[PDB]
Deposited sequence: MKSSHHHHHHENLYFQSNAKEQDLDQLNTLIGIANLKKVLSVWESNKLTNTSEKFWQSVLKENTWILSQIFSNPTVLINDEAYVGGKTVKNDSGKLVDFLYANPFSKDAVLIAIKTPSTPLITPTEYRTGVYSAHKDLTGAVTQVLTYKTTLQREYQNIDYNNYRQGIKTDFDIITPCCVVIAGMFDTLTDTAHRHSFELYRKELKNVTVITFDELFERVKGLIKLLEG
């Protein structure tokens, strides 16, 4: 019940600035799929790694629309520590690299979809995802580390210009769980 949410929040609190391994966070989100299933308003269901042989894949149960989610660590720098100009902070190369990587992986998954479907047919696996739209989600860093208003302004300017990639930070990701707990009370 809600005790499960409290345990998940406790685990998140434990590794806010200690664990920097993408595998641990992938395991955390794979044990509790609803953490990432709560991002999207539309219903989603996790797709097994075998079907589309650190990234995840959630498909709409109705329209089979799949969204590719790439997970970094909360230690991911959102913006460069230095400033491009006075009050101008560039997004750190890790975030842009993650965006490009998730876009490339989504493109490759769309292109090789026929081979994947045929392999699933050969091996008996049912393919319940279709690559209809180039939607992607990147999870990296924490919004808390942006202390200066210039940092927050620069990051918000960066994350508003992206068409398909929807960058969501870990603290804002678990803010949904915390808000669910608050709403229940």
item	value
Deposited sequence positions missing from the model - stretches, numbered from 1, in order	1-31, 85-96, 229
